[PDB]
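# Let me give you the complex in parts, starting here:
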Amino acid sequence: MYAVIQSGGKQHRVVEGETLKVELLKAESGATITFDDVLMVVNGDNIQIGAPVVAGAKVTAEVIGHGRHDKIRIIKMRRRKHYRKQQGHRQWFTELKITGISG
Amino acid sequence: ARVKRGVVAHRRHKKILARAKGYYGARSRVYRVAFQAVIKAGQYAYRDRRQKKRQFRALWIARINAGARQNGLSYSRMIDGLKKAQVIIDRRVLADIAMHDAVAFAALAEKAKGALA
Amino acid sequence: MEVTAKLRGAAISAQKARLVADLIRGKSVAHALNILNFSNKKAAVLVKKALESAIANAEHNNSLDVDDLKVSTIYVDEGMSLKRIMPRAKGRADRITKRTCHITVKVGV
Amino acid sequence: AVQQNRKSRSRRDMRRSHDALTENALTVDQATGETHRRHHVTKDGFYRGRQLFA
């Protein structure tokens, strides 16, 4: 079994027990998140592709925690024009652990 | 109040040289050359954070084209057929399935050509 | 456990002494002594002095056997230079550098 | 005529890559047992058995 899910404006292909990082969510650590907008479920020969979505499919995951990625440096410089500026960045994320996939 | 510059100046130069680790020749030893090298690296990184998305989309499209032509369709016809069939799976997942699961991709192509018909 | 000898302030360029150093790096002490004894380089005399000093230290201070020793480590460093003046044509003067070097020899079994 | 750019340490060492020294031909003299330079009289005046100095 593997499934296709939507989260954070992007799509993921997941299997049971996978740990993945998605865009920051408002759920608390230790909570359960349920996806009911599954796009595709595959079990060997059994294939289900949703027209927009698969009716009745579910993917359940647990929230592990939140964090920030590694720092990125932004540099801008216009040569011969006396211009230069800099800034740093660290993007937020949420970590999920897939606990159940049902078609 | 006379101020000496040594400690702060040494700290700034040492930070620049530390960021210049790994470059060839004077680019990792000499402060002037190293300082010019770090700024150019930053500019390149800024540009390539935009170029990366285009490069990966091109890779996905090529793999989807190969899978479609294995199943008897072209890339453009397969994309149009999926759009007509209302499937909204994106190219990244489509290319992953094309690489790692031939049967599922064959099912997707069957759906697309059935919608095209 | 290596035995060390140092020769500091030898009046020769380190670039010239290194040619002799890499000639004997890693060899048996008897073979190195033969090479130095029949070399015609000026640095051979200095390198031989350092090597015999190291062998004597190993034999006397540490009570080792000369038959098993080898040249395990050797390198040449730069020393303090002397500054001189050389007069050239038309009233111009140039600076002359007289270079020295330090020689380090380690022997071990 | 002079350089327009300073030469790097890598190219300097590449030029010097042909500067290594070479060992001489040494041989143990059978008559006296000492190591001597091949085809040369020993330091104490022996060559192929004959002696030069009384």
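Thanks, I have it. Residues are numbered from 1 along each chain as shown, chains lettered A, B, ... in the order given.

# Would you mind measuring from residue A:59 to residue A:66?
Between residue A:59 and residue A:66 the distance is 20 Å, computed by CB to CB, to the nearest Å. Using the backbone N, CA and C atoms, a C-beta is placed for each residue, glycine as well.

# count of residues packed around the residue in chain D that chain B sits nearest to?
Nearest residue of chain D to chain B: residue D:8, at 6.0 Å (CB to the nearest CB). By the criterion of other CB atoms under 10 Å in any protein chain shown, residue D:8 has 12 neighbours.

# now it, nearest residue through space, not along the chain?
Distances taken as CB to CB, 6 or more residues apart in numbering or on different chains place residue B:25 nearest to residue D:8, at 6.0 Å, with adjacent residues excluded.

# doesn't residue D:6 make contact with that neighbour?
No: applying CB atoms under 8 Å, one finds residue B:25 not in contact with residue D:6, separated by 10.8 Å.

# ok, the residue nearest to residue D:8 - how many residues close by?
Count around residue B:25 with other CB under 10 Å applied: 11.

# what sits against residue 83?
Since you didn't name a chain, this refers to chain A. Residue A:83 sits next to A:76, A:77 when contact means CB atoms under 8 Å, 6 or more residues apart in numbering or on different chains.

# actually it's chain C I care about, not the one you picked
Neighbouring residues of residue C:83 by CB under 8 Å, 6+ apart: C:95, C:96, C:97.

# Got phi/psi on it?
Dihedral angles of residue C:83 (phi, psi; degrees, to the nearest 10) stand at phi -100, psi 130.

# Report the beta-bridge partners for it.
Residue C:83 has these beta-bridge partners by DSSP bridges: residue C:97.

# Next one: it from residue A:21, what distance?
Noted for residue C:83: a distance of 64 Å to residue A:21, by CB to CB.

# and stretch B:58-75, how far out from the chain's middle?
Relative to its parent chain, stretch B:58-75 has a centroid offset of 20 Å by CA atoms, centre = their mean, to the nearest Å.

# then add chain E to what we have above:
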Amino acid sequence: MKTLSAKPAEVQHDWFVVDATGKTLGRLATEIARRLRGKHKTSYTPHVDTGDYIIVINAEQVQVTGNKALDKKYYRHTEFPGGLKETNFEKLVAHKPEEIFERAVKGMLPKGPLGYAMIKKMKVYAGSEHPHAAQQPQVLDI
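Just below you will find chain E, in place on the chains above:
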């Protein structure tokens, strides 16, 4: 890091044989270059060689249209002053059939070490026989 690149140790190269009798030069060359580069495989990776081996037989029976048999020119320069040498298609095909295919496919492959490695997988022969029976090539009709 969910999009994976092909691993060179896991790439399988297959052997195909193509007969050039009566085919158009460039329209055969494009397909040959595609299969040499590996564009027909779902594991295609730009920095990895994934293509196949292509043997070409009857290389002197390839064709060109129009008046290109007499009018198409091949140039080279020996780097001595005035050293430009010139030939045409109909003499070159009689003399060295393999160099025509070399030029045509080299112009369509990438210019670099990977391209040099890719072009090594094409074997061109004038007659109808090839010495690669041990590799058991499969007939490919392109």
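
# Check the neighbour count of residue B:25 one more time with chain E there.
11.

# In contact with it, which residues are there?
Contact analysis of residue B:25 by CB under 8 Å, 6+ apart lists D:8, D:9, D:10.

# element containing residue E:16?
strand E:15-19 (DSSP states H and E).

# any residues touching whatever helix or strand comes next after that strand, and which ones?
Counting by DSSP H and E, the element after strand E:15-19 in chain order, helix or strand, is helix E:25-37. With contact meaning CB under 8 Å, 6+ apart, helix E:25-37 is reached by E:16, E:18, E:20, E:40, E:50-52, E:54, E:56, E:62-64, E:100-101, E:104-105, E:108-110, E:118-119, E:121-122, E:142.

# rerun that using 7 Å as the cut-off
For helix E:25-37, the external contacting residues (CB atoms under 7 Å, 6 or more residues apart in numbering or on different chains) are E:20, E:40, E:51-52, E:54, E:62-64, E:104-105, E:108-109, E:118, E:121-122, E:142.

# buried residues in it?
Neighbour-count burial for helix E:25-37 flags E:25, E:28, E:29, E:32, E:33, E:35, E:36, E:37 (criterion: 16 or more other CB atoms under 10 Å in any protein chain shown).

# Pull the number of nearby residues for the closest residue to residue B:112 other than its chain neighbours.
Among residues not flanking residue B:112 along the chain, residue B:81 sits closest, at 3.2 Å (CB to CB, 6+ apart). By the measure other CB under 10 Å, the count of residues near residue B:81 is 22.

# got the buried residues for the host helix or strand of residue B:81?
Following DSSP H and E, the helix or strand that holds residue B:81 is helix B:75-85. By neighbour count on 16+ other CB under 10 Å, the buried set for helix B:75-85 is B:75, B:78, B:79, B:81, B:82, B:85.

# got it, and stretch A:39-46?
In stretch A:39-46, counting by 16+ other CB under 10 Å, buried: A:39, A:40, A:41, A:42.

# Contact partners for the residue of chain A found nearest chain B?
The minimum distance from chain A to chain B, using CB to the nearest CB, falls at residue A:75 (2.8 Å). For residue A:75, the contact set (CB under 7 Å, 6+ apart) comprises A:86, B:39, B:42, B:43, B:46.

# Append RNA strand F to the structure above:
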RNA sequence: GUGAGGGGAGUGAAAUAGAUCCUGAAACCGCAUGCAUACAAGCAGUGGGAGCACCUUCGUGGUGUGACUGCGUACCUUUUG
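Let me add RNA strand F to what's already shown:
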């Protein structure tokens, strides 16, 4: 070589405080280990990325290196540029 210089012993809290001797940065020059490098053309990086070596909580981990590959003609000043 009754030289210079060093290795022991000894003094001292400390001798890599040993005489132009507190601390001992950078340019510059050596030795050692790991990886890469002798069919390939350019501001030397950047975004990808196989393999190898060591460490390891054995990992979707850490450190070093970087085959192959897309893009890419330094900085300052003065100028319509």
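
# can you check the buried residues of helix E:25-37 again with RNA strand F included?
E:25, E:28, E:29, E:32, E:33, E:35, E:36, E:37.

# likewise stretch A:17-26?
Under the neighbour-count criterion of 16+ other CB under 10 Å, stretch A:17-26 has A:20, A:22, A:25 buried.

# likewise stretch E:105-117?
E:105, E:106, E:108, E:109, E:115.

# The fourth one belongs to a helix, doesn't it?
No: the assignment for residue E:109 is coil, going by DSSP: H, G, I helix; E, B strand; the rest coil, so no helix is present there.

# returning to what we had before: out of the buried residues of helix E:25-37, which is nearest to chain B?
Nearest to chain B among the buried residues of helix E:25-37, with distances taken as CB to the nearest CB, is residue E:37, at 10.7 Å.

# which residues are in contact with the helix holding residue B:81?
Identification of contacts with helix B:75-85 by CB under 7 Å, 6+ apart yields B:61, B:64, B:65, B:68, B:109, B:111, B:112, B:113, B:115, B:116.

# Pull out the buried members of those residues.
B:64, B:65, B:68, B:109, B:111, B:112, B:113.

# quick one: the second one is in a strand?
No: with three-state DSSP as the criterion, residue B:65 is helix rather than part of a strand.

# Who are the contact partners of it?
Contact analysis of residue B:65 by CB under 7 Å, 6+ apart lists residue B:75.

# switch to 10 Å and redo it
B:73, B:74, B:75, B:76, B:78, B:79, B:95, B:98, E:39, E:40, E:42, E:44 (CB atoms under 10 Å, 6 or more residues apart in numbering or on different chains).

# Give the helix, strand or coil label for the spatially closest residue to the second one that is not a sequence neighbour.
When the adjacent residues along the chain are set aside, residue B:74 lies closest to residue B:68, with 6.0 Å between them (CB to CB, 6+ apart). Under three-state DSSP, the three-state class of residue B:68 is helix.

# Say whether RNA strand F is contacted by stretch C:92-102.
No: between stretch C:92-102 and RNA strand F, judged by CB under 7 Å from any atom of the strand, nothing touches; the nearest distance is 7.9 Å.
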